[PDB]
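Participant: Here you go, one structure.
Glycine also receives a Cβ, built like all others from the backbone with ideal geometry; neighbour counts cover every protein chain displayed. Derivation of every value follows stated rules applied to the coordinates shown; laboratory data play no part.
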């Protein structure tokens, strides 16, 4: 505790006594002649210490300090995810024991936990003889951590892995599990440091925290400074000169990350560290958002309007990708405004993302996919692809990423719907060029080939299917007409019923003769068929016969409704096709005006048919929940319904106070 | 780790492969005969253990969990601020070292850190007697903490900032500071637990965490995780009809406070603990109104709905009062509508507020008070009286609380401006009983007596003055006539001009003859007098002469500002005068070409006078908050700005957590 070393690389005296050896050291380093005075052996020792301090970013004393720049640089293939380089290094024949240590860490990162355990045991056996206290201690700790990871992995696999994966995996032979369980009997990590040579215990005390069940607790408890509200109103900025709580927290996070990844400690993989990074980065981003919003409230939006109080770099992007879950990314997205943050170093991020794409195109295109590696790697892959919305990409990296996501991604993790939302996210900034439009076309074609079989059927949690991919491609290229889908349609026959339906979903993309032969199979014979065609099949316009169907069923139910008035009874109306006729009579889809005679049955049908005389007291605001985007826009357009539903949405947000109602209230109307 | 002891009072099997002693213990707890089977000594041991478990809140296993209810009961005079009882307990003799330990904690809580440190040293020395060693260890930690507080307070006191507060000499004598520095320089906390006997290290293993930040680690990580989870529940609109996942936060905050206060640990005074409590209570407050809007929505949109309500109580109130700063309470006020959160146990809260008021009175009226106490206690008193807005009090409570607030609150902390608003909010759940009006009358008369001396000014921060107190009195009763103030007016002479100014400011109160004397002594000449007259109703319609004085000030400030602008030292709009003139022009209270000419130096003035030309990228949204009902309605009326202000409000409600913008948008503009 003689000095207070600081994240920026500034030393400060603290409870020291007598001669200031650090101030003398820095004065000596600055002046060369003073160094010339020093003894030869002490000169070489000074050169060693100079290189050490320079490497660890210790520059000078606080008073002598100034515009100290800080640039994190973690030099570790594990951190950068250079999987091929790690494997090549593993194949190479080790020279020293440090090479074995790094190789064991690389093996663990690559999922080969059995080999990592074996190599750590070897390293322990050799290093106890070689009197390498540091390597012996760190290998012990990393073997215990890999053993814990193996145990939790077998627990998860036996409990649920067989279920989620669809088949049981036995990553570890029961003989190996028995061997490790027998070896680690009664092995308490706490005594490890205390049983060491007192020489090592004295010199390497800074490593004692590694054995302890948990660390970062002083770093975690120091995250509260990012939850301060007084700071935005008035911040002392006294957490550190020329710095703040934000800078200190970020540099402390980088210190912890570099120390663990560069010293090749397995604790980087545990839940404690992941949650630590989640908390730190989320709190930093939220603090930046809070400061930006308060500045916009105090100063005009012209000032601090979209300030990048936080500024993502390569290391920030990889942190978020590796340590966050998709739910955490969604939490940050909804709470903060991630689009207001600017992303730098985008070329290195593009390299990292194309490396992710390559790794998923190798890991799964190949018949074999290490399962223990897969479970940890797929979360990072899908988080990185999810969080690539804000980063821009070149056509080549974007092409590889789209190819890998659409075709070389597991279906277990990303269904068709989640694949679609990932892709659309990628399209926000890197608006689709034709090169990846071709990839999307190929994906749709493969989906059709799968749909040829009568058992296949898409599964989607978000309710989006290949029709959405078709809509996206058509939206970005208005007149795109795939040739392969067109020839699939032409080769089509009535026997290929499910393929017929699928191609019907993708109707816009098909050529004239293709969609002609398609719609040849299907036709409308009644109002049920008409609504089925409009809903699916895209009945472009209500032909005169279609309008006759509308009127036929409308008057049939008009007679039925007269008989209902005679009953005084109306049990239920399963499908109000009259509501559809209304939105279709409000959309000018029905040129015929006869149905205007039919009115008074459904308050919604009156709402759409003759809104002017329609009593808007009847109107149910819940209908606005169901109305599509264009329908709400039109309702805003029509003068008679505009103000009335302005009032109804105002009342709903005023009384019920629901938030989707507010979204409809303003994002569309006012 | 043999059992997960949940915070609700339920035990679960964890890492237990041997016979279940806890299940058997609870089986014994239920069945009496099986207890009868126990031997004599074991029966008494079981009785003691049963008493302990019932005290600590451990009830049964999770399998047979009943209707486990949440109840908190902290029994510590320190917690409830029973300062007089603490003093009496201190003065009386202590029979055991337990009482000495409690006395030391009470002294520390009373801001007598010299005596508390000496008593803790005495207890450490006298604990040599054979004991468990728990009191010795806790006293050591608590004297280390009180020494840290002593040193930090000395650092702040010698350091600037205290000079404003009379440069109070820190009561710790330089000899005392030297003695504590000499005593504690050799002491390091991290080695204290390791220094204790092996017996104390085996037992009492849960007391280790007190020596570092580890004590708060688990609750901090759970707090961050649950913050993210419950905020996600809010945003997704999961209007859950069942129980909530916040109750763990409440019970963990109920477990930390009780453990720290009951065991008399000085760590209660830490800043980290205060931030933890603050974050937990703010989260609970947000979820309280979040579940308040859930019940309303469920009952409105469906007959079936929940009446479950998250509401405050005595312990919640005292927590918020003690651990929040006024800015945190203001933030919670902005985001959530605390006015709609019901408060229970109003009588206990009133008693606590009365205790705070009488402690303030004792500390202020008499001298010899502790300056170290004052610093910590003033924040708690300030927060208590600020947050007493939402709890209703009896006329006796209002009487003495207002008496302490207006008279005996220190001036350096609460200026008159803040005093006004804190008095005013206390008149929200109340209607101003005539006794309270009498108190405010006496305060006004005292201010007059001060104003007799010419070297006096109503220094303020938010721009509120004695005239505001007079206006409040007029507000709650329009015919109040201040007889003492009337006598003061009639007795003065022209040379007492500061007196004349101060009484002229609060014109309406003064009696008719007093008003005749004061108005026959003072006339409206300058702009200040013009606006004073407007405020008091002396001038009701802007006269041509008053318009000319407005033009005079406008031209004067215009010449000045333009001269500085050409010189490069452009003055900035201050004193609000220009803004009022712009509002008056927009409201047609005043109209002249010269008024239109003043545009170009206050962006608010440009916005009001000529919205057609005003640049709305300069418009800062906070302006909308200050505007009144008529002003906001008229702004909505004008065509040139209605759309711009609507855009600003829409952006604000989408981004800012403030709810005033949403109200302004919905009620007035839309």
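Participant: When region B:56-67 is examined, which residues are found to be over 32 Å from the mean Cα position of the chain (by Cα) and either assigned to a loop (DSSP other than H, G, I, E, B) or without any contact (Cβ under 8 Å) to a residue 24 or more places away in the chain (or both)? Spell out how you get there, then give the answer.
Facilitator: Our first condition is that a residue be over 32 Å from the mean Cα position of the chain (by Cα); within region B:56-67, this holds for B:58-67.
Residues satisfying the conditions are B:58, B:59, B:62, B:63, B:64, B:65, B:66, B:67.
Participant: Name every residue in region B:456-474 that is without any contact (Cβ under 8 Å) to a residue 40 or more places away in the chain and within 20 Å of residue B:574 (Cα to Cα), in order of residue number.
Facilitator: Within region B:456-474, B:457 is the sole residue that qualifies.
Participant: Which of the residues that make up region B:22-52 are loosely packed, with under 11 Cβ neighbours inside 10 Å and part of a helix (DSSP H, G or I)?
Facilitator: Within region B:22-52, B:30, B:32, B:33, B:36, B:40, B:41, B:48, B:51, B:52 meet the criteria.
For every residue, the table says whether it meets (1) closer than 24 Å to residue A:230 by Cβ; (2) within 10 Å of another protein chain (Cβ to nearest Cβ).
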residue: B:224; (1), (2): yes, yes
residue: B:227; (1), (2): yes, yes
residue: B:237; (1), (2): no, yes
residue: B:257; (1), (2): yes, no
residue: B:280; (1), (2): yes, no
residue: B:303; (1), (2): no, no
residue: B:307; (1), (2): no, no
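Participant: Let me ask something additional. Determine, yes or no, whether residue A:562 is away from chain B (no Cβ under 14 Å), over 38 Å from the mean Cα position of the chain (by Cα), exposed (fewer than 12 other Cβ atoms within 10 Å of the Cβ) and not in a loop (DSSP other than H, G, I, E, B).
Facilitator: Details: away from chain B (no Cβ under 14 Å): yes; over 38 Å from the mean Cα position of the chain (by Cα): yes; exposed (fewer than 12 other Cβ atoms within 10 Å of the Cβ): yes; not in a loop (DSSP other than H, G, I, E, B): yes.
So residue A:562 fits the description; yes.
Participant: Tally the residues that are surrounded by 17 or more Cβ atoms within 10 Å (Cβ to Cβ) and more than 8 Å from the chain's Cα centre (by Cα), restricting the search to region B:382-399. Let's see the steps before the verdict.
Facilitator: Residues of region B:382-399 that are surrounded by 17 or more Cβ atoms within 10 Å (Cβ to Cβ), as a first pass: B:382-391, B:393, B:397-399.
Of the ones still in play, those that are also more than 8 Å from the chain's Cα centre (by Cα) are B:388-391, B:393, B:397-399.
Residues that pass the stated criteria total 8.
Participant: I've got another one for you. For residues that are under 25 Å from residue B:374 (Cβ atoms) and within 13 Å of chain A (Cβ to nearest Cβ), scanning just region B:161-192, find the one that is surrounded by the most Cβ atoms within 10 Å (Cβ to Cβ). Break it down stepwise before answering.
Facilitator: Step one: filter region B:161-192 for residues under 25 Å from residue B:374 (Cβ atoms), giving B:161-181, B:184.
With within 13 Å of chain A (Cβ to nearest Cβ) added as a condition, the list becomes B:161, B:181, B:184.
On the way: B:161: 9, B:181: 12, B:184: 17.
Among those that are under 25 Å from residue B:374 (Cβ atoms) and within 13 Å of chain A (Cβ to nearest Cβ), it is B:184.
Participant: When both residues are 6+ apart or on different chains and their Cβ atoms are under 6 Å apart, which pairs have a first residue that lies in region B:607-621 and is at the interface with chain A (Cβ under 7 Å from one of its Cβ atoms), and a second that is assigned to a loop (DSSP other than H, G, I, E, B)?
Facilitator: From region B:607-621, the pairs are B:617/A:302; B:618/A:300; B:620/A:300.
Participant: Name the pairs whose Cβ atoms lie under 9 Å apart, with the first residue in region A:653-669 and more than 9 Å from chain B (Cβ to nearest Cβ), the second loosely packed, with under 15 Cβ neighbours inside 10 Å and outside any helix (DSSP H, G or I), and 6 or more positions between them or separate chains?
Facilitator: none
Participant: Which one of these does residue A:195 not meet: (1) over 25 Å from residue A:112 (Cα atoms); (2) without any contact (Cβ under 8 Å) to a residue 12 or more places away in the chain; (3) within 13 Å of another protein chain (Cβ to nearest Cβ)?
Facilitator: (3)
Participant: Checking the conditions here, which among B:642, B:630, B:625 is part of a helix (DSSP H, G or I) and surrounded by fewer than 12 Cβ atoms within 10 Å (Cβ to Cβ)? Explain how you work it out, then say what you get.
Facilitator: Working: B:642 fails: surrounded by fewer than 12 Cβ atoms within 10 Å (Cβ to Cβ); B:625 fails: surrounded by fewer than 12 Cβ atoms within 10 Å (Cβ to Cβ).
The unique qualifying residue is B:630.
Participant: From B:347, B:380, which residue is part of a helix (DSSP H, G or I) and under 16 Å from residue B:322 (Cβ atoms)? Even if it seems obvious, please write down each step before you answer.
Facilitator: Values: B:347 fails: under 16 Å from residue B:322 (Cβ atoms).
Only one candidate passes the filter, namely B:380.
Participant: Looking only at region B:476-497, filter to residues that are touching a residue at least 40 places away in the same chain (Cβ under 8 Å) and part of a helix (DSSP H, G or I); which one of those is nearest to residue B:427 (Cα to Cα)?
Facilitator: B:476
Participant: Of the conditions (1) within 13 Å of chain A (Cβ to nearest Cβ); (2) surrounded by 17 or more Cβ atoms within 10 Å (Cβ to Cβ), residue B:212 fails just one. Which one is it?
Facilitator: (2)
Participant: Given (1) within 14 Å of another protein chain (Cβ to nearest Cβ); (2) crowded, with 16+ Cβ neighbours inside 10 Å; (3) part of a helix (DSSP H, G or I); (4) out of contact with any strand residue (DSSP E or B) (no Cβ under 9 Å at 6 or more places or on another chain), identify the lone condition not met by residue B:285.
Facilitator: (4)
Participant: Let me ask something else about it. Going through region B:622-648 one residue at a time, which ones are over 23 Å from residue B:580 (Cβ atoms) and more than 8 Å from every other protein chain (Cβ to nearest Cβ)? Before the answer, list the steps.
Facilitator: We begin by selecting, within region B:622-648, every residue over 23 Å from residue B:580 (Cβ atoms); these are B:639, B:643, B:646-647.
B:639, B:643, B:647 - these are the residues of region B:622-648 that are over 23 Å from residue B:580 (Cβ atoms) and more than 8 Å from every other protein chain (Cβ to nearest Cβ).
Participant: Would you call residue A:547 without any contact (Cβ under 8 Å) to a residue 60 or more places away in the chain, farther than 30 Å from residue A:444 by Cβ and in a helix (DSSP H, G or I)? Spell out how you get there, then give the answer.
Facilitator: Details: without any contact (Cβ under 8 Å) to a residue 60 or more places away in the chain: yes; farther than 30 Å from residue A:444 by Cβ: yes; in a helix (DSSP H, G or I): yes.
So residue A:547 passes the test.
Participant: State the number of residues belonging to region B:646-665 that are assigned to a helix (DSSP H, G or I) and out of contact with any helix residue (DSSP H, G or I) (no Cβ under 6 Å at 6 or more places or on another chain).
Facilitator: Taking region B:646-665 as the starting set, the residues that turn out to be assigned to a helix (DSSP H, G or I) are B:646-655, B:660-665.
Among the residues that remain, those that are also out of contact with any helix residue (DSSP H, G or I) (no Cβ under 6 Å at 6 or more places or on another chain) are: B:647-648, B:651, B:654, B:663.
Residues that pass the stated criteria total 5.
Participant: Further, regarding this structure: Provide a single number: the residues in region A:70-99 that are within 20 Å of residue A:267 (Cα to Cα), touching a residue at least 24 places away in the same chain (Cβ under 8 Å) and more than 26 Å from the chain's Cα centre (by Cα).
Facilitator: Number of matching residues: 1.
Participant: If you check residue A:411 against the conditions, is it more than 16 Å from the chain's Cα centre (by Cα) and free of Cβ contacts under 8 Å to residues at least 12 places away in the same chain?
Facilitator: Working: more than 16 Å from the chain's Cα centre (by Cα): yes; free of Cβ contacts under 8 Å to residues at least 12 places away in the same chain: yes.
In short, yes.
Participant: Turning to a different aspect of this structure: Any residue at all in region A:648-670 that is over 27 Å from residue B:653 (Cα atoms) and surrounded by fewer than 17 Cβ atoms within 10 Å (Cβ to Cβ)? Working first, answer last.
Facilitator: Here is the first cut: in region A:648-670, the ones over 27 Å from residue B:653 (Cα atoms) are none.
Checked against the condition, which is being over 27 Å from residue B:653 (Cα atoms) and surrounded by fewer than 17 Cβ atoms within 10 Å (Cβ to Cβ), region A:648-670 yields no hits at all.
Participant: Look at residue A:135 and say whether it is under 30 Å from the mean Cα position of the chain (by Cα) and either surrounded by 13 or more Cβ atoms within 10 Å (Cβ to Cβ) or assigned to a helix (DSSP H, G or I) (or both).
Facilitator: Numbers: under 30 Å from the mean Cα position of the chain (by Cα): no; either surrounded by 13 or more Cβ atoms within 10 Å (Cβ to Cβ) or assigned to a helix (DSSP H, G or I) (or both): yes.
Judged against the criteria, residue A:135 is not a match.
Participant: Among what's in region A:330-350 and is within 24 Å of residue A:82 (Cβ to Cβ) and either within 14 Å of chain B (Cβ to nearest Cβ) or in contact (Cβ under 8 Å) with a residue 12 or more places away in the chain (or both), pick the residue that is surrounded by the most Cβ atoms within 10 Å (Cβ to Cβ).
Facilitator: Initially, region A:330-350 is screened for residues within 24 Å of residue A:82 (Cβ to Cβ), giving A:343-350.
Among the residues that remain, those that are also either within 14 Å of chain B (Cβ to nearest Cβ) or in contact (Cβ under 8 Å) with a residue 12 or more places away in the chain (or both) are: A:343-346, A:348-350.
Values: A:343: 20, A:344: 15, A:345: 17, A:346: 19, A:348: 15, A:349: 27, A:350: 21.
Only one residue fits best here, namely A:349.
Participant: What number goes with the only condition from (1) under 25 Å from residue B:508 (Cα atoms); (2) part of a loop (DSSP other than H, G, I, E, B); (3) without any contact (Cβ under 8 Å) to a residue 40 or more places away in the chain; (4) over 38 Å from the mean Cα position of the chain (by Cα) that residue B:590 does not pass?
Facilitator: Result: residue B:590 fails condition (3) only.
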